[PDB]
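Undergrad: part one of the complex, left exactly where it sits:
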Amino acid sequence: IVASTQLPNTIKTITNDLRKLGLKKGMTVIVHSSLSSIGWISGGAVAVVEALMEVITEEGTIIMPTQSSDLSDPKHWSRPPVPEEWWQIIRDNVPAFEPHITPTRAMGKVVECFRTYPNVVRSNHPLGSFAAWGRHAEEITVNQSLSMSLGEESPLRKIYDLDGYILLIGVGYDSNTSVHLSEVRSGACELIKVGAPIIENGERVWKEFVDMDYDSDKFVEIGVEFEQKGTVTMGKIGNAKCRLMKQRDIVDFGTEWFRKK
């Protein structure tokens, strides 16, 4: 990242970049990131978390998805998949989700760092959890539904209700979790029978439930079109191409988009 960078990215410079882009105090923002994309950072992930906190403050709210899809029913694993003989073994053995414990997958280093921070709170979903910090942290994360995990009873809906923002740091619309709310609303996806391990009555139980067969693959196309409207702000955090936008704007657009096929 070194060659790609003039002078170090720091907490300070990131805070600059953030405010430049339009972030400020008191804002409600869900954040999606690629650490590497920014360039060389003095402090790495910590520096990004710290800068985000410094801009937003305790008076605002930072959210990130903390997915742990590796806890899911492997019959549904299509990349990569695993031998079918492995399936029951998995169901019988994979350890239970616990918010204060279970690592994320495919979320990134900023997320992993964020998750561990003091006063960060994580929702209680074994597969599709979110973490949050600040004013509306609890409100956003509490009482996530097991079934329809990214639906109307989810952190996505809470953010919507709050007229929050989405920030993409060096990632694409396919990383844009909120658009899953669009899939839900539009009924864009088949319902599937799923499973995951949870703690019930202080013991591990493999829980069967129902959710949408979420597919972000389609989100890239959606975002392009969405961006024709011209309501997405853009700038750089270090080397990172960033986008800032209203969650409601994109979610509404998405829902509509899906309805039209």
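TA: Sure, I can see it. Numbers count the residues shown, from 1 in each chain, chains lettered A, B, ... in the order given.
Undergrad: looks like residue A:128 contacts residue A:71 (just checking).
TA: No - applying C-beta atoms under 8 Å as the test, residue A:128 and residue A:71 come out as separate, 10.0 Å apart. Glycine gets a C-beta too; all of them are placed from N, C-alpha and C.
Undergrad: which of those two has more neighbours?
TA: The neighbour comparison of residue A:128 against residue A:71 (other C-beta atoms under 10 Å) goes to residue A:128, with 27 against 20.
Undergrad: so the more buried one belongs to a helix, correct?
TA: No - counting by DSSP: H, G, I helix; E, B strand; the rest coil, residue A:128 is not found in a helix; it is coil.
Undergrad: so the closest residue in space to it that isn't next to it in sequence: helix, strand or coil?
TA: Sequence neighbours aside, residue A:149 is the residue nearest to residue A:128 in space, at 4.0 Å (criterion: C-beta to C-beta, 6 or more residues apart in numbering). Three-state assignment for residue A:149 (three-state DSSP): coil.
Undergrad: surely residue A:149 and residue A:127 touch.
TA: Yes - assessed by C-beta under 8 Å, residue A:149 is found in contact with residue A:127 at 6.4 Å.
Undergrad: follow-up on the earlier one: what residues are up against the residue nearest to residue A:128?
TA: A:125, A:127-128, A:211 (C-beta atoms under 8 Å, 6 or more residues apart in numbering).
Undergrad: send the alpha carbons of stretch A:116-129 over as PDB?
TA: What follows is stretch A:116-129 as a C-alpha-only set of coordinates in PDB (Å, rounded to 0.1, in the frame of the first residue of the first chain):
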ATOM      1  CA  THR A 116     -14.500  -5.400  19.500                       C
ATOM      2  CA  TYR A 117     -14.700  -1.800  20.600                       C
ATOM      3  CA  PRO A 118     -16.100  -0.700  23.900                       C
ATOM      4  CA  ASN A 119     -19.700   0.300  23.900                       C
ATOM      5  CA  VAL A 120     -20.200  -1.300  20.500                       C
ATOM      6  CA  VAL A 121     -23.400  -3.500  20.600                       C
ATOM      7  CA  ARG A 122     -24.200  -6.400  18.300                       C
ATOM      8  CA  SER A 123     -27.600  -7.700  17.200                       C
ATOM      9  CA  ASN A 124     -28.700 -11.200  18.000                       C
ATOM     10  CA  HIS A 125     -28.800 -13.000  14.700                       C
ATOM     11  CA  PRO A 126     -26.600 -16.100  14.100                       C
ATOM     12  CA  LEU A 127     -26.100 -15.400  10.400                       C
ATOM     13  CA  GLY A 128     -27.000 -11.800   9.600                       C
ATOM     14  CA  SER A 129     -26.000  -9.700  12.600                       C
END
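Undergrad: hmm, who's touching it?
TA: A:49, A:65-69, A:71-72, A:96-97, A:99-100, A:102, A:114-115, A:130-133, A:137-138, A:140-142, A:144, A:146, A:149-150, A:154-155, A:194, A:196-198, A:207.
Undergrad: among those, name the buried ones.
TA: A:49, A:65-68, A:71-72, A:96-97, A:99, A:102, A:114-115, A:130-133, A:137, A:140-141, A:144, A:146, A:149-150, A:154-155, A:194, A:196-198, A:207 (16 or more other C-beta atoms under 10 Å).
Undergrad: show me where chain A has strands.
TA: All strands of chain A, identified by DSSP state E, fall at A:28-33, A:61-65, A:121-122, A:130-134, A:165-169, A:191-200, A:203-212, A:233-237, A:240-246.
Undergrad: any idea which of those strands is most buried?
TA: strand A:61-65 (a mean of 27; mean count of other C-beta atoms under 10 Å).
Undergrad: that one pairs with which strands, parallel or anti?
TA: strand A:28-33 (parallel), strand A:130-134 (antiparallel) (DSSP bridges).
Undergrad: residue at max distance from the center of chain A?
TA: residue A:85 (31.9 Å; C-alpha atoms, centre = their mean).
Undergrad: then chain B, please:
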Amino acid sequence: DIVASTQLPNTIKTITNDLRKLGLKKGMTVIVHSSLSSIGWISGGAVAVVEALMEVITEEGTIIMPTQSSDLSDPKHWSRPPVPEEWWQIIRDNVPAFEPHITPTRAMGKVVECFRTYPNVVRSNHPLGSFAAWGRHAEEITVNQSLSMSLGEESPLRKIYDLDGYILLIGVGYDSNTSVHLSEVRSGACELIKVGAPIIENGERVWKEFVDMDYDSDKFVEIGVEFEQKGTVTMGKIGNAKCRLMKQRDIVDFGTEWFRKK
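TA: With chain B now in place:
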């Protein structure tokens, strides 16, 4: 891939069994070094490994892992790669302070990253050379780690030595065997250098200068090969991983004499 090279999944159960086979047991004091991937496909990944270790050792024993955060070091000593000199002071002025709850590890692995965030896990207070521990002696092991001579007589390594603890290598070699650094200290194997790191001092960030040995784990592989001729290391597998269980005092003492003899 990891998938391809695995027959059936590794689980908490299978790992536990493998551990017990190797000789890990309830109430033992053990420092663990690991490569997650070496094991093969694991249902639960890093969590499974941690849970297995805890299941075997229990709270009546102690698990320790190094939680090094070398990224906090003075970029003056940096070679992998080096950074422009102009950067150095910018770094010293801006790199965030070590905080045991927050600061990620580097080059320790996913098992460590998981372990260090578990409830009841405690981490020592060194901005570069910290250790995390769980169970009976976790506190004793982790407290009052010296800033200078970080891996010496006033460190977790010494504490493990005193407890006559064990070392488990999971799919890693002696270059990862942190305890041999205590051999370096004891034999005067390395030059003393001026180092620095960012710490919270009086609730305020501070670039703190201190002295430590120019530790070099590159010599440890040679040491380990000679050591093993003694036949005091138990070898076995966890899944696909080649593993080693040994007494910490055995290798530390051997290493000390090794360095002295040159």
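Undergrad: and the contacts of residue A:149, now that chain B is in?
TA: Contacts for residue A:149 (C-beta atoms under 8 Å, 6 or more residues apart in numbering or on different chains) come out as A:125, A:127-128, A:211.
Undergrad: could you rerun that using 6 Å?
TA: A:125, A:128, A:211 (C-beta atoms under 6 Å, 6 or more residues apart in numbering or on different chains).
Undergrad: including distance to chain B, could those residues go into CSV?
TA: Converted to CSV, the contacts of residue A:149 look like this (distance: C-beta to the nearest C-beta, whole Å):
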residue, distance to chain B
A:125, 16
A:128, 18
A:211, 21
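Undergrad: before we move on, back to that, from residue A:58, how far out is the residue farthest from the centre of chain A?
TA: 51 Å (C-beta to C-beta, to the nearest Å).
Undergrad: and if you look at residue A:68?
TA: 27 Å.
Undergrad: what about stretch A:106-122, start to end distance?
TA: 17 Å (C-alpha to C-alpha, to the nearest Å).
Undergrad: so which bits of stretch A:219-229 are buried?
TA: A:219, A:222-223, A:226-227 (16 or more other C-beta atoms under 10 Å in any protein chain shown).
Undergrad: distance to chain B for those residues - can I get that in a markdown table?
TA: Shown next, in a markdown table, are those (distance: C-beta to the nearest C-beta, whole Å):
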| residue | distance to chain B |
| --- | --- |
| A:219 | 27 |
| A:222 | 32 |
| A:223 | 31 |
| A:226 | 34 |
| A:227 | 34 |
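Undergrad: for residue A:96, list the residues it contacts.
TA: A:197-199, A:204.
Undergrad: which of those residues sits closest to chain B?
TA: residue A:197 (8.9 Å; C-beta to the nearest C-beta).
Undergrad: residue contacts, the closest one?
TA: Residue A:197 neighbours (C-beta under 6 Å, 6+ apart): A:94, A:96, A:204, A:206.
Undergrad: show me what contacts the residue of the stretch 51-200 of chain A found nearest chain B?
TA: Nearest to chain B in the stretch 51-200 of chain A, going by C-beta to the nearest C-beta, is residue A:93, at a distance of 4.1 Å. Applying C-beta under 6 Å, 6+ apart, one finds that residue A:93 lies in contact with B:11, B:43.
Undergrad: how far away is residue A:230 from chain B?
TA: 36 Å (C-beta to the nearest C-beta, to the nearest Å).
Undergrad: run a quick neighbour tally on that residue.
TA: 7 (other C-beta atoms under 10 Å in any protein chain shown).
Undergrad: residue A:131 is in contact with residue A:61, correct?
TA: No - using C-beta atoms under 6 Å, residue A:61 makes no contact with residue A:131, being 11.0 Å away.
Undergrad: and the residue nearest in space to the middle of chain A, what is it in contact with?
TA: In chain A, the centroid-proximal residue (C-alpha atoms, centre = their mean) is residue A:65; its distance is 2.7 Å. Residue A:65 sits next to A:130, A:177 when contact means C-beta under 6 Å, 6+ apart.
Undergrad: what is it paired to in the beta sheet?
TA: residue A:130.
Undergrad: from residue A:17, how far out is it?
TA: 22 Å.
Undergrad: can you pull out the helices in the stretch 51-200 of chain A?
TA: A:87-93, A:109-114, A:137-141, A:155-161, A:180-186 (DSSP state H, counting those that start in this stretch).
Undergrad: to residue A:251, which of those helices lies closest?
TA: Distance to residue A:251, taken as C-beta to C-beta, is lowest for helix A:180-186 among the helices of the stretch 51-200 of chain A, at 5.1 Å.
Undergrad: hmm, back to that, TSV for the contacts of residue A:197, including distance to residue A:108?
TA: Putting those into TSV (distance: C-beta to C-beta, whole Å) gives the following:
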residue	distance to residue A:108
A:94	22
A:96	24
A:204	28
A:206	28
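Undergrad: nearest to residue A:30, out of those: which one, please.
TA: residue A:96 (26.1 Å).
Undergrad: out of the buried residues of stretch A:219-229, which are inside helices?
TA: A:219, A:222-223, A:226 (DSSP state H).
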